[PDB]
């Protein structure tokens, strides 16, 4: 069994999936696209026209990163990325909710800042910034002084925490997350040494087409 994954170089949503595939020992081909350019092939698979898209070997696709991760956990349960118990499942998923919500607000911010300056909405930017900073502070609070986000070993919660912090350094660089949250700095440094992370570090892509 092998997969193909439509991905973009900065994409945190795709990074979660890339990390999960590697952690589960599932081979895959990375199919890099700019999903904001008219050349993207995402609409052929995802009615929502977003990546990541997991392309299945016998045909069809799975989209929406959190859903792809649930799909992978059911199809390939070993090694697990979630704890076996419901409380642990829910704890890991809460980190993922926060990661995703922060990332959504970062993307909305990025595209607001692509508008002509005169047309940028200060209240919309401020609204999204409260989500970014407040969501991040909550991830840091939940981690506290512990070695792992959930329990005693690597889980989805660590995928989420490491992904969002790595993404902020690319697409919300003004926020000194390492200084405000040294616990996240230390966790990030541990996680970024894992091969799954080291093979998926974000960088900024080039967007050519007009989006806004």
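Numbering follows the first chain given and starts at 1.
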Query raised in the report: Given the B-factors recorded for C-alpha atoms, which segment has the greater mean, 86 to 94 or 134 to 142?
Result: 86 to 94
Report task. Taking the mean of the C-alpha B-factors per stretch from the entry, tell me the winner out of 58 to 66 and 149 to 157. Result -> 58 to 66
Query - Member of 182, 173, 52, 166 with the greatest C-alpha B factor (per the PDB record) - result: 173
Query raised in the report: Should residue 121 be placed in the lowest, middle or highest third of its chain by the C-alpha B factor in the entry?
Result: middle
**Report entry** Modelled-residue ranking by C-alpha temperature factor, third containing residue 190
**Finding:** middle
Query raised in the report: According to the PDB entry, is the CA B factor of residue 1 in the bottom, middle or top third of its chain, that is, lowest, middle or highest?
Result: highest
Query - Modelled-residue ranking by C-alpha temperature factor, third containing residue 46 - result: lowest
Query raised in the report: If you rank the chain by CA B-factor, which third does residue 78 end up in: lowest, middle or highest?
Result: highest
